[PDB]
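Participant: Here you go, one structure.
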Amino acid sequence: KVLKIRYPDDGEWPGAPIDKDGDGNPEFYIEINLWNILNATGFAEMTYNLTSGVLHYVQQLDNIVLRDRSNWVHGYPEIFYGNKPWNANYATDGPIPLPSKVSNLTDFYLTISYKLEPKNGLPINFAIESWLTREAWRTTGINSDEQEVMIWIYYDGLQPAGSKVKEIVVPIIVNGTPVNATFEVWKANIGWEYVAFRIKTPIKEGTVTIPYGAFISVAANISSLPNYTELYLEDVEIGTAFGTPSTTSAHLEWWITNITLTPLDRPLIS
Ligand SMILES: [Ca+2]
Ligand SMILES: [Ca+2]
């Protein structure tokens, strides 16, 4: 009834599928994903109670030494749907058929209920991201002619890579109320094209619904990549990037109670 993964007990890359009906196709996949930590004292643990659906992350890391300080953040503990293109983990038991070409995929709402508790000023975000690849089912990383799209609905003390492009309005729902929100749009080239949408009014807890195609449409429109609509939207990842090169301790707790993807009768890109 409770799935648990733990760093460092389960190795340096703990992860596991959430497969509540035991059918061999996960509905989501969880990873502690301390991808830029070389060594730390303490632990990080992610539990997932299969009756309530609560995902709970608890992290107490100290003495942190990074694998590469130029990558800035320490890690991105996360839950995702679809095929994460960096590894062989996937989750496809859901209503949206990911991966799919962006030219074929319906728009969808993403609704997340959550609560974040970073300790002592730790720089963090709460970031949803997707990877857009030239092949349907990538598992070996990302190339220069592909894209990372990130949507930050909370942040403290972190700025997206690259430089600010513009601000956009996106109609979202916060705590049951439809609201026009503003997102800054940032663009970088970091080995691949990077586009991040950073909310101007961070939301540290509650229930948030966003229309995914509002973001992908802007990412398409500002992209320098050729044949953008032939890319596959591989996945939707939800997690908290944290840390900076001068952070040596990182204590953080958070909870996610619901993730829902809701299809809409319309194209993703408009
Ligand atoms: Ca399943
Ligand atoms: Ca994968």
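Note on naming: chains are A, B, ... as they come in the structure tokens, residues start from 1 per chain, ligands start from 1 in the order shown.
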What's the 9 Å shell around residue 236 of chain A, counting only C-alpha atoms, without same-chain residues fewer than 4 positions away, as a list in words?

Facilitator: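 Counting only C-alpha atoms, the residues come to residues 79, 80, 81, 82, 83, 84, 98, 128, 129, 130 and 131 of chain A.
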
Participant: Determine, for each residue of chain A having at least one atom at most 10 Å from an atom of ligand 1, the closest pair of atoms and their separation in Å to one decimal, counting only C-alpha atoms and all ligand atoms; order by chain and ascending number, as a tab-separated table.

Facilitator:
residue	atom	partner	partner_atom_place_in_ligand_line	distance
A:17	CA	ligand 1	1 (Ca)	9.0
A:18	CA	ligand 1	1 (Ca)	7.4
A:19	CA	ligand 1	1 (Ca)	4.2
A:20	CA	ligand 1	1 (Ca)	5.7
A:21	CA	ligand 1	1 (Ca)	5.0
A:22	CA	ligand 1	1 (Ca)	5.6
A:23	CA	ligand 1	1 (Ca)	4.6
A:24	CA	ligand 1	1 (Ca)	5.7
A:25	CA	ligand 1	1 (Ca)	4.3
A:26	CA	ligand 1	1 (Ca)	4.4
A:27	CA	ligand 1	1 (Ca)	5.3
A:28	CA	ligand 1	1 (Ca)	8.6
A:91	CA	ligand 1	1 (Ca)	8.3
A:92	CA	ligand 1	1 (Ca)	8.1
A:93	CA	ligand 1	1 (Ca)	5.3
A:94	CA	ligand 1	1 (Ca)	8.5

Participant: With N, CA, C and O atoms retained, write the just-selected residues as an mmCIF file, in the first residue's frame.

Facilitator:
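What ended up in out02.cif:
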data_model
loop_
_atom_site.group_PDB
_atom_site.id
_atom_site.type_symbol
_atom_site.label_atom_id
_atom_site.label_comp_id
_atom_site.auth_asym_id
_atom_site.auth_seq_id
_atom_site.Cartn_x
_atom_site.Cartn_y
_atom_site.Cartn_z
ATOM 1 N N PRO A 17 8.047 2.936 -10.409
ATOM 2 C CA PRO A 17 6.770 3.154 -11.030
ATOM 3 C C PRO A 17 5.641 3.205 -10.058
ATOM 4 O O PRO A 17 5.647 2.449 -9.034
ATOM 5 N N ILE A 18 4.651 4.018 -10.333
ATOM 6 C CA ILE A 18 3.365 3.950 -9.616
ATOM 7 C C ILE A 18 2.424 3.199 -10.559
ATOM 8 O O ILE A 18 2.117 3.704 -11.665
ATOM 9 N N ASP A 19 1.971 2.029 -10.131
ATOM 10 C CA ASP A 19 1.131 1.188 -10.983
ATOM 11 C C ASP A 19 0.056 0.602 -10.077
ATOM 12 O O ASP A 19 0.107 -0.559 -9.652
ATOM 13 N N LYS A 20 -0.975 1.392 -9.842
ATOM 14 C CA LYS A 20 -1.951 1.056 -8.784
ATOM 15 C C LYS A 20 -2.775 -0.181 -9.147
ATOM 16 O O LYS A 20 -3.233 -0.899 -8.246
ATOM 17 N N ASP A 21 -3.062 -0.380 -10.463
ATOM 18 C CA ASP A 21 -3.820 -1.564 -10.876
ATOM 19 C C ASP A 21 -2.896 -2.748 -11.173
ATOM 20 O O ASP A 21 -3.412 -3.811 -11.529
ATOM 21 N N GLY A 22 -1.565 -2.610 -10.947
ATOM 22 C CA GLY A 22 -0.657 -3.734 -11.130
ATOM 23 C C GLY A 22 -0.693 -4.254 -12.560
ATOM 24 O O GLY A 22 -0.445 -5.462 -12.741
ATOM 25 N N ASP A 23 -0.971 -3.424 -13.568
ATOM 26 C CA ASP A 23 -1.059 -3.918 -14.947
ATOM 27 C C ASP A 23 0.220 -3.838 -15.708
ATOM 28 O O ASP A 23 0.203 -4.210 -16.908
ATOM 29 N N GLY A 24 1.295 -3.426 -15.123
ATOM 30 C CA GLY A 24 2.581 -3.357 -15.846
ATOM 31 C C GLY A 24 2.792 -2.103 -16.642
ATOM 32 O O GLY A 24 3.840 -1.964 -17.328
ATOM 33 N N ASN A 25 1.783 -1.187 -16.611
ATOM 34 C CA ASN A 25 1.932 0.114 -17.294
ATOM 35 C C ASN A 25 1.785 1.173 -16.211
ATOM 36 O O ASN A 25 0.660 1.316 -15.669
ATOM 37 N N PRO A 26 2.830 1.856 -15.817
ATOM 38 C CA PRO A 26 2.673 2.798 -14.693
ATOM 39 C C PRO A 26 1.789 3.967 -15.107
ATOM 40 O O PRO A 26 1.807 4.441 -16.265
ATOM 41 N N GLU A 27 1.007 4.457 -14.131
ATOM 42 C CA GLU A 27 0.284 5.725 -14.317
ATOM 43 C C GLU A 27 1.203 6.931 -14.187
ATOM 44 O O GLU A 27 0.981 7.957 -14.842
ATOM 45 N N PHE A 28 2.267 6.804 -13.321
ATOM 46 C CA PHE A 28 3.255 7.867 -13.148
ATOM 47 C C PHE A 28 4.514 7.136 -12.780
ATOM 48 O O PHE A 28 4.521 5.959 -12.412
ATOM 49 N N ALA A 91 5.799 6.056 -18.043
ATOM 50 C CA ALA A 91 4.495 5.865 -17.463
ATOM 51 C C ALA A 91 3.493 6.223 -18.527
ATOM 52 O O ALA A 91 3.453 7.375 -18.943
ATOM 53 N N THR A 92 2.684 5.292 -19.027
ATOM 54 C CA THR A 92 1.778 5.579 -20.122
ATOM 55 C C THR A 92 0.376 5.173 -19.840
ATOM 56 O O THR A 92 -0.462 5.178 -20.759
ATOM 57 N N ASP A 93 0.004 4.872 -18.578
ATOM 58 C CA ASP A 93 -1.360 4.470 -18.219
ATOM 59 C C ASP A 93 -2.116 5.762 -17.867
ATOM 60 O O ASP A 93 -2.162 6.146 -16.683
ATOM 61 N N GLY A 94 -2.633 6.476 -18.849
ATOM 62 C CA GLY A 94 -3.336 7.728 -18.630
ATOM 63 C C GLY A 94 -4.077 8.122 -19.889
ATOM 64 O O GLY A 94 -3.880 7.502 -20.976
#

Participant: Hey, what's within 6 Å of residue 60 of chain A if we count only C-alpha atoms and toss same-chain stuff fewer than 2 positions away? As a list in words, please?

Facilitator: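 Residues near the query, excluding close chain neighbours: residues 42, 43 and 251 of chain A.
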
Participant: Might you pull out every residue within 6 Å of residue 56 of chain A, with only C-alpha atoms counted and same-chain residues fewer than 5 positions away left off, and present them as a ChimeraX atom specification?

Facilitator: /A:46-47,254-255

Participant: Could the residues in this selection be saved with N, CA and C atoms as a short mmCIF file (atom, residue, chain, number, x, y, z; two decimals), in the first residue's frame?

Facilitator:
data_model
loop_
_atom_site.label_atom_id
_atom_site.label_comp_id
_atom_site.auth_asym_id
_atom_site.auth_seq_id
_atom_site.Cartn_x
_atom_site.Cartn_y
_atom_site.Cartn_z
N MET A 46 11.12 9.52 -0.88
CA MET A 46 9.82 9.84 -1.55
C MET A 46 8.87 8.67 -1.35
N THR A 47 7.67 8.92 -0.72
CA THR A 47 6.70 7.89 -0.42
C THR A 47 5.45 8.22 -1.15
N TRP A 254 7.87 18.37 0.50
CA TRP A 254 6.69 18.76 -0.24
C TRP A 254 5.74 17.60 -0.39
N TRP A 255 4.52 17.89 -0.81
CA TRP A 255 3.47 16.95 -1.02
C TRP A 255 2.77 17.24 -2.29
#

Participant: Can you tell me which residues come within 10 Å of ligand 2 when counting only C-alpha atoms and all ligand atoms, ideally as a list in words?

Facilitator: residues 29, 81, 82, 83, 84, 85, 86, 87, 88, 89, 90, 91, 137, 138, 139, 140, 141, 234 and 235 of chain A
